[PDB]
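A.B. asks: Before I ask anything, here is the structure I am working with.
Number of protein chains: 2
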Amino acid sequence: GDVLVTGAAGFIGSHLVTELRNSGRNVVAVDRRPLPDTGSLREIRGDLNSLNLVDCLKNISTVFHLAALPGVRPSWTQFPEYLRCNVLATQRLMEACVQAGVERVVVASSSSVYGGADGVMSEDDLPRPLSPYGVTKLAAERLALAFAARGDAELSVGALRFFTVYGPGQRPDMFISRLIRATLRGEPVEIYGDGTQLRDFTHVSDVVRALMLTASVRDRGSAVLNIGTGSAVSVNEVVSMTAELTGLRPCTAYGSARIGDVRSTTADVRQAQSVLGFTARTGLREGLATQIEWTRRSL
Amino acid sequence: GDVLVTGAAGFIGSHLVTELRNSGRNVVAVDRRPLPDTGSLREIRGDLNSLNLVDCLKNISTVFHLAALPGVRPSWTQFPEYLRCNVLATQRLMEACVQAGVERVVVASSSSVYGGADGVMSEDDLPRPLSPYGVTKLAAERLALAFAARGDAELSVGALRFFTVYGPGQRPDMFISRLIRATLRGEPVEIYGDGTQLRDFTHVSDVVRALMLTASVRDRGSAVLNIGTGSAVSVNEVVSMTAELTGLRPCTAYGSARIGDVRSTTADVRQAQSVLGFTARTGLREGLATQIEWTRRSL
Ligand SMILES: NC(=O)c1ccc[n+]([C@@H]2O[C@H](COP(=O)([O-])OP(=O)(O)OC[C@H]3O[C@@H](n4cnc5c(N)ncnc54)[C@H](O)[C@@H]3O)[C@@H](O)[C@H]2O)c1
Ligand SMILES: NC(=O)c1ccc[n+]([C@@H]2O[C@H](COP(=O)([O-])OP(=O)(O)OC[C@H]3O[C@@H](n4cnc5c(N)ncnc54)[C@H](O)[C@@H]3O)[C@@H](O)[C@H]2O)c1
Ligand SMILES: O=C(O)[C@H]1O[C@H](OP(=O)(O)OP(=O)(O)OC[C@H]2O[C@@H](n3ccc(=O)[nH]c3=O)[C@H](O)[C@@H]2O)[C@H](O)[C@@H](O)[C@@H]1O
Ligand SMILES: O=C(O)[C@H]1O[C@H](OP(=O)(O)OP(=O)(O)OC[C@H]2O[C@@H](n3ccc(=O)[nH]c3=O)[C@H](O)[C@@H]2O)[C@H](O)[C@@H](O)[C@@H]1O
């Protein structure tokens, strides 16, 4: 069948559409923003909360649900919109998927469902989100699993908890994008806290490969899987690496930590290896170079 | 300080207000419905999503957050309102509690966050709700805990997962209330499925005692605690018990199971015993008699 991608104009979604089409799949792309300029492509422009979702899902066997408001920090002060985009739209989409007979829905969830854990975050750990954004992504994934559990549903859900994704095309509000502009263009970036916080930074090419594997693995019911590298790097170390790669001093200013940001993320990578055969291939130094090079050419 | 109860006009809230006042506490009651006809009582009428919550919280040290849309089954088809009442209102209340310097917030959560588990449901089990209602109660409790975790918050949260509460005043959409009307008044009740589903039915007097203990225990940070009996009884057994107690045949009709209802709940009761000194005192046969007697007098 054909594949539908929500959030297809965004950072991860646009890369996914490209790979799905390259692999021969007919893609239906849904987003309220325009798509950037072998399988066919139909662009459906509109809001998940306004579109006739059942109509959008005709002949669709697999849905990749990537649409969301994704920023951790604005979620404290924009909560109605985060609920509307991240939770209500998910419920409407899942109901439409039951009605349209979709077979598989892969939902983008987030490492922010774990909250503030030291060391390795495993899919059997209790979610303890520290931001309203993390709560909305937890609610979206739990809702998707509740729909898959209905006795009238013939669908399975793959809930993929991605870890801080970067690379060519990264959303411009994320740290690595801002730091690259602070280096190549001298546009200052604020470091929120002392920079010792850590992230498991995962390159978008590995995330898209994991998504493709969920489009293809044999059906074994629903699953919750971390998609990350298992290696965490500090903000200060990313700054140093960027200075080294470019021979330009990043324009940084240290400022106050932002409530809701967790101190460290690190994925347990074992379940995705077992279930999908997925292990991330790109480490940060290689990946950071890819993003710097893409950004240069983009400017 | 004074105590504020949201949802104070409802089933559990009205009993809580009575006990708080009887114990000498000044109570501020908030609900969008009118309250039923030693500590003082101020009735604040309005919607949590419209009121000036900081103003409502002046001089309030402890908040009991019981307002919600509580029905499991309508949540599939009323999801915007469940989000608005159960999640958005919770976020607004918690932000107001941080701004007003409230010290302790006790949040009514629900056994429906566990989903469909056999045997004993423990606070260390991963939540896997099977209804959109369960997702909204999970989101409300997780949000409350995220606010308590903020570095600027001087507040602790007690998230109490109640198990199927009954007794005098029970909401009329719940099974025991409907079954009592089907017995005392012959108004037929539909049994949803074959009646072999089980619940841990907890009497409201025990729930109010657990709530009072959370108003009083020494502060040891935030906690998630089941409030139940640890004994589950089937729907068919409740029917038989009601027939026995009354000498009237309940007017029942078996119908189709309702998607989203879990097959069994049973609380693990240990953590509330450890943390609060709470063990439920009322078993179902005694409690069912209390509710039947109250309903007779109420008719
Ligand atoms: N980027 C990361 O580091 C990361 C990590 C974990 C999870 N995620 C999750 O992955 C997904 C994709 O993230 P991204 O970085 O590509 O974000 P993005 O903002 O680039 O893409 C999301 C897209 O969703 C669209 N959208 C939002 N609300 C919509 C609505 N109501 N109707 C129609 N379209 C709507 C947006 O226009 C946007 O193009 C999100 O669900 C996000 O929560 C991202
Ligand atoms: N009754 C049970 O078996 C049970 C079990 C587990 C959890 N709970 C939870 O306990 C709490 C109380 O349950 P209950 O059975 O007493 O329900 P209830 O419906 O009797 O009381 C809830 C009250 O909240 C009010 N309310 C709802 N939305 C409001 C809003 N936006 N603003 C102001 N008031 C609002 C309602 O008018 C109502 O009086 C709920 O949070 C419920 O989810 C109940
Ligand atoms: O893993 C995840 O699930 C989340 O990863 C990222 O969230 P975040 O960790 O906030 O990513 P960045 O915005 O790139 O921030 C990374 C680190 O840099 C810090 N930061 C960010 C931005 C900035 O301008 N300055 C700065 O110091 C942040 O405090 C944080 O510690 C994505 O933005 C979320 O969409 C995603 O859900
Ligand atoms: O424990 C909880 O957290 C939940 O307990 C109850 O939810 P529920 O289990 O649905 O309670 P009832 O409505 O009293 O239903 C109990 C059983 O009776 C069945 N039932 C209910 C109503 C009815 O008319 N017929 C009927 O057979 C239900 O299928 C269910 O198995 C409360 O209604 C929720 O507010 C609460 O959050």
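As they're listed, the protein sequences go chains A and B.
Numbered per my numbering, the first sequence finishes at 299, counting up by one with no gaps.
Numbered per my numbering, the second sequence finishes at 598, counting up by one with no gaps.
Using N, Cα and C, we set each Cβ at its ideal position, and we do this for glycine too.
Who are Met121(A)'s beta bridge partners in DSSP?
C.D. replies: Here residue 121(A) refers to the residue found at position 121 of the first sequence. DSSP, once it has assigned bridges, lists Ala267(A) as partnering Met121(A).
A.B. asks: Mapping the DSSP letters down to three states, classify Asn358(B) as helix, strand or coil.
C.D. replies: Residue numbering aside, residue 358(B) sits at position 59 when the second sequence is read from its first letter. Three-state result, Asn358(B): coil.
A.B. asks: By a C-beta neighbour count over all protein chains shown, 10 Å radius and 16 as the cutoff for buried, is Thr266(A) buried or exposed?
C.D. replies: Translated into the one-based positions of the first sequence, residue 266(A) becomes position 266. Classification of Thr266(A): buried, given that the 10 Å Cβ count is 16 or more.
A.B. asks: Let me confirm a value: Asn86(A) is counted as buried when at least 16 other C-beta atoms fall within 10 Å, else exposed. Which label applies?
C.D. replies: Along the first sequence, one-based indexing puts residue 86(A) at 86. Buried is the call here.
A.B. asks: Cβ of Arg341(B) within 7 Å of any heavy atom in ligand 2?
C.D. replies: Numbered from 1 along the second sequence, position 42 holds the residue referred to as residue 341(B). For ligand 2, not one heavy atom lies less than 7 Å from the Cβ of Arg341(B).
A.B. asks: Between the region 371-389 of chain B and the region 556-570 of chain B, do at least 3 Cβ pairs fall closer than 8 Å?
C.D. replies: Touching, yes, given that three or more Cβ pairs across the two stretches are closer than 8 Å.
A.B. asks: What residue range is occupied by the uninterrupted alpha helix (DSSP H) comprising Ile12(A)?
C.D. replies: In the first sequence, the residue the question calls residue 12(A) occupies position 12. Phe11 to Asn22 is the span of the alpha helix (DSSP H), which, as asked, contains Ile12(A).
A.B. asks: Taking DSSP as the reference, what is the three-state secondary structure of residue 652(B)?
C.D. replies: Outside the displayed range of chain B (300 to 598) lies residue 652(B), so it cannot be described from this structure.
A.B. asks: Return helix, strand or coil for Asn52(A), following the three-state DSSP convention.
C.D. replies: By one-based count along the first sequence, residue 52(A) stands at place 52. Residue state, collapsed to three classes: coil.
A.B. asks: Might you give, ordered along the chain, the residues of its own chain that have their beta carbon closer than 6 Å to the beta carbon of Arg341(B), omitting 5 neighbours on each side?
C.D. replies: On the second sequence, residue 341(B) is found 42 positions in, with the first residue counted as 1. Hits under 6 Å: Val327.
A.B. asks: Which bits of chain D does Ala445(B) rub up against, with CB to CB less than 9 Å?
C.D. replies: This model lacks chain D altogether, as its protein chains are A and B.
A.B. asks: Closer than 9 Å, Cβ to any Cβ of chain A: which residues of the region 377-401 of chain B, in chain order?
C.D. replies: Answer in chain order: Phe378, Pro379, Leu382, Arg383, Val386, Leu387, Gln390, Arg391 and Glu394.
A.B. asks: Determine whether the beta carbon atoms of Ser111(A) and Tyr133(A) lie at a separation below 8 Å.
C.D. replies: On the first sequence, residue 111(A) is found 111 positions in, with the first residue counted as 1. On the first sequence, residue 133(A) is found 133 positions in, with the first residue counted as 1. Not in contact: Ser111(A) and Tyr133(A) (Cβ atoms no closer than 8 Å).
A.B. asks: To which residues of the same chain is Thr513(B) closer than 6 Å at the C-beta, ignoring the five residues directly before and after it?
C.D. replies: By one-based count along the second sequence, residue 513(B) stands at place 214. Excluding residues within five positions, the ones whose Cβ falls inside 6 Å are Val405 and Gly457.
A.B. asks: If contact means a Cβ-Cβ distance below 9 Å, which residues of the region 332-357 of chain B contact chain A?
C.D. replies: Flagged: no residues at all.
A.B. asks: Is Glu190(A) near ligand 3, going by C-beta to nearest heavy atom under 7 Å?
C.D. replies: Position 190 of the first sequence, counted from the first residue, corresponds to residue 190(A). It does: the Cβ of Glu190(A) is within 7 Å (strictly closer) of some heavy atom of ligand 3.
A.B. asks: Check each residue of the region 446-457 of chain B: if its Cβ is closer than 8 Å to any Cβ of chain A, include it; give the result in chain order.
C.D. replies: Within the region 446-457 of chain B, the qualifying residues are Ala448, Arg449, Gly450 and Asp451.
A.B. asks: Between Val165(A), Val204(A), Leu179(A) and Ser231(A), which lies nearest to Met121(A) when the distance is taken from Cα to Cα?
C.D. replies: Mapped onto the first sequence, residue 121(A) falls at position 121. Cα-wise, what sits closest to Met121(A) is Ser231(A).
A.B. asks: Counting Cβ pairs, one atom from each stretch, are 3 or more of them under 8 Å apart for the region 463-481 of chain B and the region 305-317 of chain B?
C.D. replies: At 8 Å Cβ cutoff, the stretches touch.
A.B. asks: Just checking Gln398(B) against ligand 6 - is the residue's beta carbon closer than 7 Å to any of the ligand's heavy atoms?
C.D. replies: By its list of ligands, the structure shown excludes ligand 6, since it contains just ligand 1, ligand 2, ligand 3 and ligand 4.
A.B. asks: Please name the residue, chosen from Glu380(B), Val523(B) and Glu585(B), that lies closest to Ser504(B) on a Cα-to-Cα basis.
C.D. replies: Position 205 of the second sequence, counting from 1, holds the residue named residue 504(B). Considering only alpha carbons, the answer is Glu585(B).
A.B. asks: Below 7 Å CB to CB, which residues in the same chain sit around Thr594(B) once its five sequence neighbours on both sides are set aside?
C.D. replies: As a position in the second sequence, residue 594(B) is number 295, starting the count at 1. Correct list, in chain order: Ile479 and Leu483.
A.B. asks: Please confirm whether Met94(A) and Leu126(A) have their CB atoms less than 8 Å apart.
C.D. replies: Taking the first sequence and counting its residues from 1, the one referred to as residue 94(A) is at position 94. Taking the first sequence and counting its residues from 1, the one referred to as residue 126(A) is at position 126. Cβ distance not < 8 Å, so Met94(A) and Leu126(A) don't count as in contact.
A.B. asks: What are the boundary residues of the beta strand (DSSP E) that includes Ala253(A)?
C.D. replies: In the first sequence, residue 253(A) corresponds to position 253, counting from 1. Element bounds for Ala253(A): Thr252 to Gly255.
A.B. asks: To be precise: take each residue of the region 454-483 of chain B, compare its Cβ to all Cβ atoms of chain A, and keep it if any distance is under 9 Å. Which residues remain?
C.D. replies: Residues passing the 9 Å Cβ filter: none.
A.B. asks: Using CA atoms only, rank isn't needed, just tell me which of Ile343(B), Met473(B), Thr541(B) and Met540(B) is closest to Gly306(B).
C.D. replies: Position 7 of the second sequence, counted from the start, is the residue given in the question as residue 306(B). Measuring from the Cα of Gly306(B), the nearest candidate turns out to be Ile343(B).
A.B. asks: Can you look up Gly158(A) in the DSSP assignment and give me helix, strand or coil?
C.D. replies: In the first sequence, counting from the first residue as 1, residue 158(A) sits at position 158. In this structure, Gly158(A) counts as strand in the three-state DSSP scheme.
A.B. asks: Return the chain-ordered ranges of every alpha helix (DSSP H) run that is complete within the region 480-555 of chain B and spans a minimum of 4 residues.
C.D. replies: Listed in chain order, they are 503-513 and 534-545.
A.B. asks: Mind pulling the chain B residues with CB within less than 9 Å of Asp124(A)?
C.D. replies: Residue mapping note: residue 124(A) aligns to position 124 of the first sequence, counting from 1. Correct list: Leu425.
A.B. asks: Buried or exposed for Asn52(A), please, with buried defined as at least 16 other CB atoms from any protein chain shown within 10 angstroms of its CB.
C.D. replies: Within the first sequence, numbered from 1, the residue matching residue 52(A) stands at position 52. With fewer than 16 other Cβ atoms within 10 Å, it is exposed.
A.B. asks: Quick check on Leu69(A) - is its C-beta less than 8 Å from some C-beta in chain B?
C.D. replies: In the first sequence, residue 69(A) corresponds to position 69, counting from 1. By this cut-off, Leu69(A) is not an interface position.
A.B. asks: Comparing alpha-carbon positions, which option in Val488(B), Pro333(B) and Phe461(B) lies nearest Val507(B)?
C.D. replies: In the second sequence, the residue the question calls residue 507(B) occupies position 208. Considering only alpha carbons, the answer is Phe461(B).
A.B. asks: Using DSSP's beta-bridge definition, name the partner residues of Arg344(B).
C.D. replies: Working through the second sequence from its first residue, we reach residue 344(B) at position 45. DSSP output for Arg344(B) lists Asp330(B) as bridge partner(s).
A.B. asks: When you compare only the Cα positions, how much space is there between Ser430(B) and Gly338(B)?
C.D. replies: As a working mapping, residue 430(B) is identified with position 131 in the second sequence. As a working mapping, residue 338(B) is identified with position 39 in the second sequence. Cα-Cα distance, rounded: 39 Å.
A.B. asks: Could you check whether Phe577(B) and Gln91(A) sit closer than 8 Å to each other, using their CB atoms as the reference points?
C.D. replies: The residue you call residue 91(A) lines up with position 91 of the first sequence. The residue you call residue 577(B) lines up with position 278 of the second sequence. Their beta carbons are not under 8 Å apart, which means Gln91(A) does not touch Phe577(B) by this criterion.
A.B. asks: Considering only DSSP beta bridges, list what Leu4(A) is partnered with.
C.D. replies: For the purposes of this step, residue 4(A) is taken as the residue at position 4 of the first sequence. DSSP, once it has assigned bridges, lists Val28(A) and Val63(A) as partnering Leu4(A).
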